[PDB]
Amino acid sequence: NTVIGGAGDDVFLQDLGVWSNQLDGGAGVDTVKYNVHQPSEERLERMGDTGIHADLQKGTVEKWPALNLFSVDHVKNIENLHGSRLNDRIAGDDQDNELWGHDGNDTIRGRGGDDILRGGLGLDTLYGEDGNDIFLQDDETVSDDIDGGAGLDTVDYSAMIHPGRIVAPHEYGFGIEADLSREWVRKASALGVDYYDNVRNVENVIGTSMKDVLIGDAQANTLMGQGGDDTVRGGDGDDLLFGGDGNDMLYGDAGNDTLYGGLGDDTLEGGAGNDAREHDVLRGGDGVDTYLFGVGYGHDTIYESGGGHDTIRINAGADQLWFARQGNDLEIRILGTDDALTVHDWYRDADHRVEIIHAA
């Protein structure tokens, strides 16, 4: 039994039968799926919860691990694999793989390349390994164990909040509460019980459409709050902070950070150096945005547009403030300090201007 795919994107629905099959996806991005076929009654009796043992690098999918070593799907030029509703052991190749575990407690390792791992429902152990890998998480209270490996990796919690009924609770008003500095993510919360993922070596977090708390670690992080009024703290390192829609609060902390308030009325604070080399970029975007500045913050630059009622809050008395034009920029210095807040192109036109300052 042989199957050769075309030059386009092909999808092969593979059963858990006992025969040996040859699969060649050919050109294009091709997927084998093992979650559409209903596992037979004899296999459920003799295999139990054990699913498939798949190795794209070895080019074999074992459909009856241990019990029937003949029952092997030999694959080549297949980039993506979807597991069974049972406990699977899935390993990609050095190419970009999409590896879905679906139901059951699956162990998935992507090997090299930029892989997309989705454990699905169940107690999943996910290794991104080399490359820039993405972990797609799902609406569930069961814990997952994520290791990004080397490279710039991303855990994505968009699917926590979806249309229809949501299984996992979110009774504190938050979608997820992610702390890369402590290596866990609170994916769900109820009165008197919390549900955590173990996340290690992952640099980036994508939030939900509800309020999220995203806290980075010492590395360069990219945190995207998405919808809802989010709270984002980058920690040390040069971070990239995205508020998205809603009224967000973005804190770059130490390092040279870049803050994108996005739509809505956002509060942007570049932070202060932990120890001169502290330059933060604050782009509040559209809406009425508030920029925080103080002693020890260094040299931060605001980029504004739309010419609204954006405000600046400086932790210093009004008589400590010193305004100077620099080219086309307005430069607000705190007397006695080397700290300076620059509004980019303030003198070019009204759209770039910020004209309200709250002082201490």
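One rule holds for the numbers: they count along the sequence shown, beginning at 1.
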Missing from the model but present in the deposited sequence, between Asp275 and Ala276: 4 to 9
160 to 168 set against 208 to 216, stretch whose average Cα temperature factor tops the other in the entry: 160 to 168
Mean C-alpha temperature factor, higher of 68 to 76 and 196 to 204: 68 to 76
CA B-factor placement of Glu129, once the chain's modelled residues are sorted into thirds: middle
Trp346 - which third its CA temperature factor falls in, relative to the rest of the chain: middle
Cα B factor band for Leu263 (lowest, middle or highest third within the chain): middle
Ranked against its chain, the third holding the CA B-factor of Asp94: highest
Record-listed C-alpha B factor of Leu241: chain third: lowest
